[PDB]
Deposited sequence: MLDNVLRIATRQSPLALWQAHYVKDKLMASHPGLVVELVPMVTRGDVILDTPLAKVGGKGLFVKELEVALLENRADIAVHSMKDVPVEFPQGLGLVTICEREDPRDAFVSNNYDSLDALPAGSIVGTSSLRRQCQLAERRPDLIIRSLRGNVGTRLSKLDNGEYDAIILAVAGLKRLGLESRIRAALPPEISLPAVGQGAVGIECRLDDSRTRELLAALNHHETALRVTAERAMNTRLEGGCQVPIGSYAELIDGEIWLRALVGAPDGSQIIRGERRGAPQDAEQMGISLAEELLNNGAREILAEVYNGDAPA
């Protein structure tokens, strides 16, 4: 059966991602008929509903938005080639974070982004910002913020690379799990769909994201959590860095692991456990408020 139906969110960025996946599919399988089923754990739930009741065959997500847990019968089966994983400084009136005067307003609702900015620059005012990329840029242009923090990859994909005033190195702002990579979820028993997706998997990115996600999973993380988790392949090994921070920047718990790619999952679990035992458990508890990772 030649049809593959893609469930996606309906934003410009989300639809760009659905086209990316559709184009890769058509390139590998010229006989396929690819259909889009746009709609809408926050966002992914409706997509997963569609998979479970056979209205869609795959759901395409940005990796960092993929939940740590899945309903019976679904899973993340493909991790596509990673784009730039970094955060970006975006500003009309200033050329860097360094240039912002005390009391400047920087927008982001990421507690991961916030704790790290606040660690280094407690004089800056960090203000919530929500919405699609286009809307967030509008609020900036409208004067609501002196600067905002967005992902490099999103801006590049939307043709808005001119908005990247500065890319932030991972040592300055450690990325969200799988930032820059697209992931695909489907029904685990659907061997036809999984065979069609095989050509889209990028093994090197999949190794990195495996480590990162194992770390986050053990911390019972999500987007609403001040967690950084970021791996690179360096001289045949996976190098995983992680952090958990108090949003006010007062305490940031950090650690690292290096090892063979086949150990990606156990490395991430081990690192998570180390952070938990060195203060992260208590920080997370004040965020989930009560609930702590066991």
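Absent C-alpha positions map to the deposited sequence ranges 1-2, 43-59, in order along the chain.
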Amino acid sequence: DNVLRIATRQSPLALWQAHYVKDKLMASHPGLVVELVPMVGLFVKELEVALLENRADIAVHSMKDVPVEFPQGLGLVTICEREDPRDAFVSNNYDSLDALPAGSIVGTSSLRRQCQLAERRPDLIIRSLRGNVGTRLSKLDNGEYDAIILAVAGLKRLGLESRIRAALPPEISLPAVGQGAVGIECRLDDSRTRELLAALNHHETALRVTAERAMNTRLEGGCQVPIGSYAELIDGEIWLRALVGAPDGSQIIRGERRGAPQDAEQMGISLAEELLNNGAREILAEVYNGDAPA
From here on, numbers count along this sequence of modelled residues.
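On average the C-alpha atoms of 217-225 have higher B-factors than those of the other stretch, with 217-225 and 178-186 being the two compared. The question of which stretch, 229-237 or 43-51, has the higher mean Cα B factor is settled in favour of 43-51.
Per the deposited record, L97 carries the highest C-alpha B-factor of all listed residues (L200, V152, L97, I148).
Set against one another, the Cα B-factors of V66, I58, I253, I269 in the record reach their highest point at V66. Per the PDB record, residue ranking by Cα B-factor puts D263 in the middle third of the chain. Among all modelled residues in this chain, the alpha-carbon of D87 has a temperature factor (C-alpha) in the lowest third.
For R208, the recorded CA B-factor ranks within the lowest third of the chain. Only modelled residues enter the ranking.
Among the modelled residues of the chain, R121 sits in the lowest third by CA temperature factor in this PDB entry.
In the PDB entry, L32 places in the middle third of its chain by CA B-factor.
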